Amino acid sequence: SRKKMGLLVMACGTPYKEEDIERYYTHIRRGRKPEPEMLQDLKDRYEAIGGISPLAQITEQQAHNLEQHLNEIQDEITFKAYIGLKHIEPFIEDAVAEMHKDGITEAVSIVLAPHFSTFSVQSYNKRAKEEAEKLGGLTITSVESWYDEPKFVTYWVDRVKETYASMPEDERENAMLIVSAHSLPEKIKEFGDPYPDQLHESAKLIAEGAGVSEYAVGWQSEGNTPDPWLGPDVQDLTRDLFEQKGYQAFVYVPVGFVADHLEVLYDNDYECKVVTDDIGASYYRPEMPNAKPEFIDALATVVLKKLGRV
């Protein structure tokens, strides 16, 4: 009959309620509890973007919809989704342990971040595989990147085309597309990490499919460590390009992110919008994929291609 396979869907995680902010950020900060002013700031930011709990639901919806779509579009494998998160329960290791307890012996994994990096994707995949090895009798084949899946490129291409079509003529003629992902420490370059190259390729593919000749690649959401992070940051890039050529509209495609979270709804829709409001340009940031059918179909195609079934 149908072969059973685990579908390990991995992501960063989000707090589930305001009282989870402390523990989630302590985890991201490697055990350093945020000071009270930062905790208050973070709560205010989540309030300003409409609340925490919707953000927390998106990953679950993505995993659910992906499982059901994969099971509909082919007839050989029955997938069961398990969510494994980096910074809050259910953790990657919990998910693998659950797959093992449930009798899964073969799984495929995907990280809900389309570009490979050594800091994120490789670390999630290594955590999942090490837990599988420790438990024994369960193997995981892991997607490493998927930014170049044509269906995923097309998601963003069509959103960009719609945004440009929506602009008044003077904006459309004097607009800049900024394509971004989460910054990482610059030291990843010592490993030959392809993350920057893959962001630039994402940007090339999206601008090309959308027919957008003027675009730039930037990074966002860098951390505070003395070591440099990848730049330029989108806020500085926006101002710099404005000072160079006077763009009247900036379109932000944070292609490294697949769902609403603070690092889009705040780091673009507030922090970049501050800059565009200051320089008098219009701000546009098309919808994140979230759990939209077009994006789920792209992910399902990524998974089936990884398994050689397409």
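Quick note: we count residues from 1 along the sequence shown, nothing fancier.
- Relative to its counterpart among 225 to 233 and 155 to 163, 225 to 233 has the higher mean temperature factor, C-alpha atoms as listed in the PDB entry.
- Two stretches are in play, 238 to 246 and 54 to 62, and the higher mean C-alpha B-factor belongs to 238 to 246.
- For the set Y215, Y147, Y82, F119, the PDB entry puts the maximum C-alpha B factor at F119.
- Of the residues listed, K126, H115, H87, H200, the entry assigns the biggest Cα temperature factor to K126.
- Ranked within its chain, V310 lands in the highest third, by CA B factor from the PDB record.
- Per the PDB record, residue ranking by Cα B-factor puts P168 in the highest third of the chain.
- The deposited CA B-factor of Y283 belongs to the middle third of values across its chain.
- In the deposited entry, the Cα temperature factor of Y266 sits in the middle third of values across the chain's modelled residues.
- Annotation for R45: C-alpha temperature factor in the lowest third relative to the rest of the modelled chain, per the entry.
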